[PDB]
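Only one chain comes next, encoded as structure tokens, the form deposited in one PDB entry.
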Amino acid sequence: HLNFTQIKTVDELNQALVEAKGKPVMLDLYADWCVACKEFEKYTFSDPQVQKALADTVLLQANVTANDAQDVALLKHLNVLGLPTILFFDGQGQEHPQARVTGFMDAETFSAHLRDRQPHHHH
């Protein structure tokens, strides 16, 4: 299992981005009933290549299983249209829409997607 930090609300996501400033971020939107989320856990997030590729990224997760009012406000704020969705933010906190993942990807494809992100190493 990756080590995700859970957020619930828009305000919590924004505070997590403040704290992560200087490092890239991945936000996974999760629900227990979404089969592709469980397939990410089984086939992709479980693969050592992906786990090592993400070691220097801050990992956030929003569990929207209940579809409660905070969940829905968060999804709306992010203009998320369904699950699965994974968002990527750079070291300045800027989301890059082209990097959104909106269907299952296996480990090789997800790793290649990670590699394609905006450069995020300091010097």
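Numbers for residues come from their place in the sequence shown, where the first is 1.
The discussion below concerns the form solved in complex with a partner chain, not included here.
Although the partner is absent here, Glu39 lies within 4.5 Å of its partner chain in the deposited bound form, judged by heavy atoms. In the deposited bound form, no heavy atom of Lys52 sits within 4.5 Å of its partner chain.
Remark: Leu13 does not count among the residues lining its partner chain in the deposited bound form, judged by a heavy atom distance of 4.5 Å or less. Interface residue remark: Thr109 is not counted as part of the site for its partner chain in the deposited bound form, having no heavy atom within 4.5 Å. Highlighted residues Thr85, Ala99 and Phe104: every one comes within 4.5 Å of its partner chain in the deposited bound form, counting any heavy atom.
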